[PDB]
>>> print(open('run.tsv').read())   # TSV, C-alpha atoms
chain	number	residue	atom	x	y	z
A	31	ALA	CA	-11.72	7.31	-17.59
A	32	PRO	CA	-14.06	9.38	-15.37
A	33	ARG	CA	-12.19	12.39	-14.04
A	34	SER	CA	-12.07	14.35	-10.78
A	35	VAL	CA	-11.48	18.05	-10.02
A	36	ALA	CA	-8.45	17.98	-7.69
A	37	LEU	CA	-6.39	15.58	-5.57
A	38	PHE	CA	-3.14	16.99	-4.16
A	39	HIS	CA	-1.58	20.44	-4.10
A	40	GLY	CA	1.85	21.78	-3.24
A	41	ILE	CA	3.38	18.31	-3.58
A	42	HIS	CA	7.09	17.87	-4.22
A	43	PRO	CA	7.19	14.46	-5.91
A	44	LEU	CA	10.75	13.20	-5.38
A	45	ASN	CA	11.58	14.96	-2.09
A	46	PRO	CA	12.83	12.67	0.67
A	47	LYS	CA	9.89	12.67	3.12
A	48	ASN	CA	9.46	10.88	6.47
A	49	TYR	CA	6.62	8.51	7.36
A	50	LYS	CA	4.50	11.15	9.14
A	51	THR	CA	4.64	13.60	6.23
A	52	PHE	CA	3.94	10.73	3.84
A	53	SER	CA	1.01	9.80	6.11
A	54	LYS	CA	-0.39	13.33	6.29
A	55	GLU	CA	-0.02	13.53	2.50
A	56	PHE	CA	-1.90	10.29	1.92
A	57	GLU	CA	-4.60	11.41	4.35
A	58	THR	CA	-5.15	14.62	2.39
A	59	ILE	CA	-5.08	12.52	-0.80
A	60	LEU	CA	-7.67	10.07	0.59
A	61	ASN	CA	-9.94	12.81	1.94
A	62	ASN	CA	-9.79	14.83	-1.30
A	63	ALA	CA	-10.34	11.61	-3.25
A	64	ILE	CA	-13.61	10.90	-1.44
A	65	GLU	CA	-15.04	14.29	-2.35
A	66	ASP	CA	-14.16	14.59	-6.05
A	67	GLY	CA	-16.39	11.62	-6.82
A	68	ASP	CA	-15.38	8.06	-6.02
A	69	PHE	CA	-18.01	6.57	-3.72
A	70	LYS	CA	-21.30	7.89	-5.02
A	71	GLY	CA	-24.55	6.17	-4.16
A	72	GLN	CA	-25.96	4.97	-0.87
A	73	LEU	CA	-22.59	3.45	0.10
A	74	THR	CA	-21.02	6.92	0.39
A	75	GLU	CA	-21.29	6.72	4.20
A	76	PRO	CA	-20.10	3.06	4.67
A	77	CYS	CA	-16.75	3.35	2.91
A	78	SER	CA	-15.93	6.77	4.39
A	79	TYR	CA	-16.60	5.25	7.81
A	80	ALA	CA	-14.30	2.31	7.11
A	81	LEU	CA	-11.32	4.11	5.57
A	82	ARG	CA	-11.14	7.28	7.73
A	83	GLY	CA	-8.21	6.80	10.18
A	84	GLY	CA	-5.61	4.03	9.89
A	85	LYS	CA	-1.94	2.97	9.71
A	86	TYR	CA	-2.02	3.68	5.96
A	87	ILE	CA	1.23	1.72	5.79
A	88	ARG	CA	0.54	-0.20	2.55
A	89	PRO	CA	-0.09	2.96	0.46
A	90	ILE	CA	2.95	4.56	2.09
A	91	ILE	CA	5.07	1.60	0.99
A	92	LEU	CA	3.72	2.03	-2.54
A	93	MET	CA	4.49	5.75	-2.66
A	94	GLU	CA	8.01	5.51	-1.24
A	95	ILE	CA	8.92	2.70	-3.63
A	96	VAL	CA	7.76	4.85	-6.53
A	97	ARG	CA	9.49	8.06	-5.42
A	98	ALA	CA	12.76	6.22	-4.74
A	99	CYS	CA	12.70	4.46	-8.12
A	100	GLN	CA	11.86	7.75	-9.85
A	101	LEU	CA	14.99	9.27	-8.31
A	102	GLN	CA	17.07	6.68	-10.22
A	103	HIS	CA	15.44	7.32	-13.61
A	104	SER	CA	12.51	9.39	-14.85
A	105	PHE	CA	10.22	9.33	-17.88
A	106	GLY	CA	9.39	13.03	-18.15
A	107	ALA	CA	7.63	14.64	-15.13
A	108	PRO	CA	8.11	12.61	-11.89
A	109	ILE	CA	5.36	10.05	-11.08
A	110	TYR	CA	3.57	10.76	-7.80
A	111	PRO	CA	1.42	7.63	-7.32
A	112	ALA	CA	-1.80	8.89	-5.74
A	113	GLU	CA	-4.64	6.99	-7.43
A	114	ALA	CA	-2.61	3.78	-7.13
A	115	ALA	CA	-1.90	4.25	-3.40
A	116	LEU	CA	-5.61	4.93	-3.06
A	117	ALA	CA	-6.23	1.57	-4.72
A	118	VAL	CA	-3.81	-0.16	-2.33
A	119	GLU	CA	-5.60	1.09	0.78
A	120	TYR	CA	-8.95	0.35	-0.91
A	121	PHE	CA	-8.14	-3.34	-1.40
A	122	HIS	CA	-6.70	-3.64	2.10
A	123	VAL	CA	-9.69	-1.95	3.76
A	124	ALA	CA	-12.19	-4.12	1.88
A	125	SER	CA	-10.37	-7.14	3.31
A	126	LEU	CA	-10.95	-5.72	6.80
A	127	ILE	CA	-14.67	-5.08	6.20
A	128	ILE	CA	-15.05	-8.71	5.14
A	129	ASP	CA	-13.04	-9.98	8.13
A	130	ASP	CA	-15.26	-8.26	10.71
A	131	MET	CA	-18.44	-9.79	9.28
A	132	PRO	CA	-20.38	-12.63	11.03
A	144	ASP	CA	-18.13	-0.90	16.79
A	145	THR	CA	-17.76	-2.52	13.37
A	146	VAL	CA	-18.56	-1.43	9.82
A	147	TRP	CA	-21.58	-3.73	9.48
A	148	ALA	CA	-22.88	-2.54	12.87
A	149	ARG	CA	-23.68	1.08	12.06
A	150	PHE	CA	-25.01	0.28	8.56
A	151	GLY	CA	-25.84	-3.41	8.28
A	152	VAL	CA	-24.03	-6.47	6.93
A	153	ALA	CA	-25.79	-6.03	3.57
A	154	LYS	CA	-24.34	-2.55	3.11
A	155	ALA	CA	-21.07	-3.86	4.58
A	156	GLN	CA	-20.40	-6.29	1.75
A	157	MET	CA	-21.87	-3.91	-0.83
A	158	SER	CA	-19.29	-1.37	0.37
A	159	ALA	CA	-16.41	-3.88	0.28
A	160	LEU	CA	-17.23	-4.64	-3.35
A	161	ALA	CA	-17.44	-0.91	-4.11
A	162	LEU	CA	-13.96	-0.28	-2.69
A	163	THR	CA	-12.38	-3.17	-4.60
A	164	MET	CA	-14.10	-2.07	-7.81
A	165	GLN	CA	-13.08	1.57	-7.63
A	166	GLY	CA	-9.61	0.50	-6.52
A	167	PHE	CA	-9.19	-1.15	-9.90
A	168	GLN	CA	-10.81	1.93	-11.41
A	169	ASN	CA	-8.15	4.16	-9.83
A	170	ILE	CA	-5.55	1.67	-11.11
A	171	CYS	CA	-6.70	2.42	-14.65
A	172	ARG	CA	-6.85	6.12	-13.69
A	173	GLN	CA	-3.19	6.08	-12.63
A	174	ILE	CA	-2.34	4.54	-16.00
A	175	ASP	CA	-4.26	7.32	-17.77
A	176	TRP	CA	-2.49	10.01	-15.73
A	177	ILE	CA	0.81	8.41	-16.73
A	178	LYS	CA	-0.24	8.42	-20.38
A	179	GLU	CA	-0.98	12.13	-20.25
A	180	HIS	CA	2.09	13.35	-18.31
A	181	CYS	CA	4.70	10.65	-19.15
A	182	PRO	CA	5.12	10.14	-22.91
A	183	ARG	CA	8.49	8.36	-22.54
A	184	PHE	CA	7.02	5.80	-20.13
A	185	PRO	CA	7.54	2.32	-21.66
A	186	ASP	CA	4.34	0.67	-23.07
A	187	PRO	CA	1.77	1.78	-20.43
A	188	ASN	CA	-1.11	-0.39	-21.70
A	189	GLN	CA	0.68	-3.75	-21.42
A	190	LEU	CA	2.23	-2.93	-18.05
A	191	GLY	CA	-1.11	-1.68	-16.72
A	192	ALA	CA	-2.81	-4.90	-17.80
A	193	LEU	CA	-0.02	-6.88	-16.12
A	194	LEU	CA	-0.47	-4.89	-12.90
A	195	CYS	CA	-4.20	-5.59	-12.91
A	196	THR	CA	-3.38	-9.27	-13.51
A	197	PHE	CA	-1.00	-9.53	-10.56
A	198	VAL	CA	-3.36	-7.68	-8.22
A	199	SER	CA	-6.03	-10.07	-9.52
A	200	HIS	CA	-4.09	-13.26	-8.79
A	201	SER	CA	-3.15	-11.87	-5.37
A	202	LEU	CA	-6.71	-10.90	-4.41
A	203	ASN	CA	-8.14	-14.41	-4.85
A	204	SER	CA	-5.14	-15.99	-3.07
A	205	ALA	CA	-6.28	-14.66	0.34
A	206	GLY	CA	-7.21	-17.67	2.47
A	215	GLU	CA	-1.40	-15.66	5.29
A	216	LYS	CA	-4.07	-13.14	4.32
A	217	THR	CA	-1.96	-10.15	5.43
A	218	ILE	CA	0.83	-10.92	2.95
A	219	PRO	CA	-0.94	-10.48	-0.43
A	220	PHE	CA	-1.89	-6.84	0.15
A	221	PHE	CA	1.74	-5.99	0.91
A	222	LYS	CA	2.61	-7.85	-2.27
A	223	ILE	CA	0.18	-5.51	-4.05
A	224	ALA	CA	1.81	-2.45	-2.48
A	225	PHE	CA	5.36	-3.53	-3.33
A	226	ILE	CA	4.84	-4.86	-6.87
A	227	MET	CA	2.58	-2.00	-7.93
A	228	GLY	CA	4.99	0.59	-6.57
A	229	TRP	CA	7.86	-1.27	-8.22
A	230	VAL	CA	6.50	-1.22	-11.75
A	231	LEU	CA	5.05	2.28	-11.38
A	232	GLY	CA	8.29	3.73	-10.07
A	233	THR	CA	9.78	2.24	-13.24
A	234	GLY	CA	8.49	0.28	-16.26
A	235	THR	CA	10.88	-2.52	-15.25
A	236	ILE	CA	9.46	-6.00	-14.61
A	237	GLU	CA	13.18	-6.76	-14.57
A	238	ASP	CA	13.28	-8.18	-11.02
A	239	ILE	CA	9.64	-8.51	-9.96
A	240	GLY	CA	10.13	-11.88	-8.27
A	241	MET	CA	12.84	-10.38	-6.08
A	242	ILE	CA	10.36	-7.67	-5.08
A	243	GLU	CA	7.85	-10.45	-4.40
A	244	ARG	CA	10.22	-12.02	-1.89
A	245	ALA	CA	10.88	-8.57	-0.42
A	246	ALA	CA	7.17	-7.86	0.09
A	247	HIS	CA	6.67	-11.40	1.38
A	248	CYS	CA	9.39	-11.11	4.02
A	249	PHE	CA	8.08	-7.71	5.10
A	250	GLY	CA	4.44	-8.79	5.33
A	251	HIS	CA	5.56	-11.85	7.26
A	252	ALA	CA	7.46	-9.74	9.79
A	253	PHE	CA	4.48	-7.37	10.06
A	254	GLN	CA	1.97	-10.16	10.73
A	255	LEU	CA	4.27	-11.79	13.29
A	256	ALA	CA	4.89	-8.49	15.08
A	257	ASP	CA	1.10	-8.04	15.16
A	258	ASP	CA	0.55	-11.49	16.69
A	259	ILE	CA	3.18	-10.69	19.34
A	260	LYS	CA	1.42	-7.41	20.32
A	261	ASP	CA	0.32	-7.86	23.99
A	270	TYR	CA	5.91	-14.15	34.34
A	271	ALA	CA	4.43	-16.87	32.11
A	272	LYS	CA	7.34	-19.01	30.89
A	273	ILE	CA	5.89	-18.54	27.38
A	274	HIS	CA	9.26	-17.29	26.11
A	275	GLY	CA	8.81	-13.74	25.04
A	276	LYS	CA	8.46	-15.70	21.86
A	277	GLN	CA	11.99	-14.57	21.18
A	278	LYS	CA	11.77	-17.27	18.48
A	279	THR	CA	9.07	-15.25	16.71
A	280	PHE	CA	11.14	-12.07	17.07
A	281	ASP	CA	14.08	-13.90	15.50
A	282	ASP	CA	11.79	-14.75	12.58
A	283	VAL	CA	10.66	-11.10	12.37
A	284	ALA	CA	14.16	-9.63	12.37
A	285	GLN	CA	15.49	-12.29	9.98
A	286	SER	CA	12.74	-11.56	7.44
A	287	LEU	CA	13.31	-7.82	7.94
A	288	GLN	CA	17.02	-8.36	7.27
A	289	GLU	CA	16.35	-10.24	4.04
A	290	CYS	CA	13.86	-7.59	2.90
A	291	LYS	CA	16.40	-4.83	3.57
A	292	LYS	CA	18.93	-6.90	1.62
A	293	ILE	CA	16.71	-6.90	-1.47
A	294	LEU	CA	15.91	-3.20	-0.96
A	295	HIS	CA	19.54	-2.06	-0.83
A	296	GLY	CA	20.10	-4.54	-3.65
A	297	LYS	CA	17.96	-2.32	-5.88
A	298	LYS	CA	19.14	1.09	-4.48
A	299	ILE	CA	15.67	1.95	-3.09
A	300	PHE	CA	16.55	1.33	0.58
A	301	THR	CA	15.89	4.89	1.75
A	302	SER	CA	15.76	6.49	5.21
A	303	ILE	CA	12.01	5.89	5.47
A	304	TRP	CA	12.71	2.17	5.73
A	305	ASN	CA	14.66	2.87	8.92
A	306	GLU	CA	11.60	4.47	10.54
A	307	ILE	CA	9.36	1.70	9.18
A	308	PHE	CA	11.55	-1.22	10.31
A	309	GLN	CA	11.88	0.27	13.79
A	310	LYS	CA	8.12	0.80	14.01
A	311	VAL	CA	7.66	-2.89	13.20
A	312	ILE	CA	10.30	-3.84	15.77
A	313	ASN	CA	8.83	-1.61	18.49
A	314	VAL	CA	5.52	-3.38	17.88
A	315	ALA	CA	7.14	-6.71	18.80
A	316	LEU	CA	8.96	-5.13	21.77
A	317	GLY	CA	5.90	-3.68	23.51
A	318	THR	CA	7.44	-0.20	23.15
>>> encode(input="run.tsv", output="structure tokens")
Amino acid sequence: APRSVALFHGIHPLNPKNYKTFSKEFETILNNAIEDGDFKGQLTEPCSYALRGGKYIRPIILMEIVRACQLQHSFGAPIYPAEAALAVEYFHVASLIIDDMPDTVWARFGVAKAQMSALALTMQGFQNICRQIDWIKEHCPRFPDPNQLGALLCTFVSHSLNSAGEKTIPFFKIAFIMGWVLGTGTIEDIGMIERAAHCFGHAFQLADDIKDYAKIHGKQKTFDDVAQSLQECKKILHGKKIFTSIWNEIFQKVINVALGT
């Protein structure tokens, strides 16, 4: 596993942190991760262009799931999922690069470099997956069978990546499931977490479609779908004790999207 020089500093792993702090933390993680050697070659500029600035919400989901689960039980030195959250945003951003293709990513650099970049981000996302496993192996000796669980994570992210054409759901599935097994070597209720991620990604996509006196409803029907899926997701969350105070901020951000606020 090729190594870096530094990623994060002054981090309290299990502290209860709000979305903004989590966001600032992941931005420092992402920026530091560029520099220490991830995107070498002529595609150094493309990726950096694409990733810099964003909602970062999928990696944030990952990280909060892990920190919350680690509160419950620990395996010797709390797990702060950085390389894995990196990988989450990598996959999701590569999807975006591909979606914009025939300003944009392919505008400033060319469609050729655009797809070359997308492949680079997916590739080194898996590479940082393996890197997170290696970090776990060094600092977490009690962690249950890291090799098998890491292979299973790669397998699920695999199956999800090819099952994209909605297309917004699978990346949230990646975030949730990865954060679930990395917060705890469980695979005890992964399907429940699948329905949780699915409901949440559904509500997110619908809120995004709704984003702006035509009798066109206010598509109050679609809002009912959004809030119903959000309810069921919260039900699973508080059904596994990881429904923290972040999820309040997150749910209301989603809702305020659909409300025009």
>>> residues_around(input="run.tsv", residues="residue 160 of chain A", least_positions_apart="4", cutoff="10 Å", atoms="only C-alpha atoms", output="list in words")
residues 120, 121, 124, 125, 127, 128, 154, 155, 156, 164, 165 and 166 of chain A
>>> write_last_selection(input="run.tsv", atoms="C-alpha atoms", output="PDB file, in the frame of the given file")
ATOM      1  CA  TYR A 120      -8.950   0.350  -0.910  1.00  0.00           C
ATOM      2  CA  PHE A 121      -8.140  -3.340  -1.400  1.00  0.00           C
ATOM      3  CA  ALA A 124     -12.190  -4.120   1.880  1.00  0.00           C
ATOM      4  CA  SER A 125     -10.370  -7.140   3.310  1.00  0.00           C
ATOM      5  CA  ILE A 127     -14.670  -5.080   6.200  1.00  0.00           C
ATOM      6  CA  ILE A 128     -15.050  -8.710   5.140  1.00  0.00           C
ATOM      7  CA  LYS A 154     -24.340  -2.550   3.110  1.00  0.00           C
ATOM      8  CA  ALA A 155     -21.070  -3.860   4.580  1.00  0.00           C
ATOM      9  CA  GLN A 156     -20.400  -6.290   1.750  1.00  0.00           C
ATOM     10  CA  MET A 164     -14.100  -2.070  -7.810  1.00  0.00           C
ATOM     11  CA  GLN A 165     -13.080   1.570  -7.630  1.00  0.00           C
ATOM     12  CA  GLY A 166      -9.610   0.500  -6.520  1.00  0.00           C
TER      13      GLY A 166
END
>>> residues_around(input="run.tsv", residues="segment 243-258 of chain A", least_positions_apart="2", cutoff="8 Å", atoms="only C-alpha atoms", output="JSON, numbers by chain")
{"A": [217, 218, 219, 221, 222, 225, 226, 239, 240, 241, 260, 279, 280, 282, 283, 284, 286, 287, 289, 290, 291, 293, 294, 311, 312, 314, 315]}
>>> residues_around(input="run.tsv", residues="residue 81 of chain A", least_positions_apart="3", cutoff="12 Å", atoms="all atoms listed in the file", output="JSON, numbers by chain")
{"A": [56, 57, 60, 61, 63, 64, 69, 74, 75, 76, 77, 78, 84, 85, 86, 116, 117, 118, 119, 120, 121, 122, 123, 124, 125, 126, 127, 146, 158, 159, 162]}
>>> write_last_selection(input="run.tsv", atoms="C-alpha atoms", output="CSV table (one decimal), in the frame of the given file")
chain,number,residue,atom,x,y,z
A,56,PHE,CA,-1.9,10.3,1.9
A,57,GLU,CA,-4.6,11.4,4.4
A,60,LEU,CA,-7.7,10.1,0.6
A,61,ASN,CA,-9.9,12.8,1.9
A,63,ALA,CA,-10.3,11.6,-3.2
A,64,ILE,CA,-13.6,10.9,-1.4
A,69,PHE,CA,-18.0,6.6,-3.7
A,74,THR,CA,-21.0,6.9,0.4
A,75,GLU,CA,-21.3,6.7,4.2
A,76,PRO,CA,-20.1,3.1,4.7
A,77,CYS,CA,-16.8,3.4,2.9
A,78,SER,CA,-15.9,6.8,4.4
A,84,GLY,CA,-5.6,4.0,9.9
A,85,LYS,CA,-1.9,3.0,9.7
A,86,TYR,CA,-2.0,3.7,6.0
A,116,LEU,CA,-5.6,4.9,-3.1
A,117,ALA,CA,-6.2,1.6,-4.7
A,118,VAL,CA,-3.8,-0.2,-2.3
A,119,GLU,CA,-5.6,1.1,0.8
A,120,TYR,CA,-9.0,0.4,-0.9
A,121,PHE,CA,-8.1,-3.3,-1.4
A,122,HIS,CA,-6.7,-3.6,2.1
A,123,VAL,CA,-9.7,-2.0,3.8
A,124,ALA,CA,-12.2,-4.1,1.9
A,125,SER,CA,-10.4,-7.1,3.3
A,126,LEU,CA,-11.0,-5.7,6.8
A,127,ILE,CA,-14.7,-5.1,6.2
A,146,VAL,CA,-18.6,-1.4,9.8
A,158,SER,CA,-19.3,-1.4,0.4
A,159,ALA,CA,-16.4,-3.9,0.3
A,162,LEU,CA,-14.0,-0.3,-2.7
>>> closest_residue(input="run.tsv", among="A:115, A:259, A:242, A:92", to="residue 295 of chain A", atoms="all atoms listed in the file")
A:242
>>> closest_residue(input="run.tsv", among="A:197, A:288, A:153, A:82", to="residue 304 of chain A", atoms="all atoms listed in the file")
A:288
>>> atom_distance(input="run.tsv", atom1="atom CA of residue 55 of chain A", atom2="atom CA of residue 90 of chain A")
9.5 Å
>>> atom_distance(input="run.tsv", atom1="atom CA of residue 111 of chain A", atom2="atom CA of residue 173 of chain A")
7.2 Å
>>> closest_residue(input="run.tsv", among="A:194, A:230, A:271, A:303", to="residue 45 of chain A", atoms="all atoms listed in the file")
A:303
>>> atom_distance(input="run.tsv", atom1="atom CA of residue 298 of chain A", atom2="atom CA of residue 95 of chain A")
10.4 Å
>>> closest_residue(input="run.tsv", among="A:169, A:72, A:87, A:186", to="residue 308 of chain A", atoms="all atoms listed in the file")
A:87
>>> residues_around(input="run.tsv", residues="segment 104-108 of chain A", least_positions_apart="4", cutoff="8 Å", atoms="all atoms listed in the file", output="ChimeraX atom specification")
/A:43-44,100,180-184,233
>>> closest_residue(input="run.tsv", among="A:70, A:200, A:276, A:292", to="residue 220 of chain A", atoms="all atoms listed in the file")
A:200
>>> axis_aligned_box(input="run.tsv", around="segment 78-91 of chain A", padding_each_side="8 Å", output="AutoDock Vina command-line options")
--center_x -5.8 --center_y 3.5 --center_z 5.3 --size_x 37.7 --size_y 23.5 --size_z 25.7
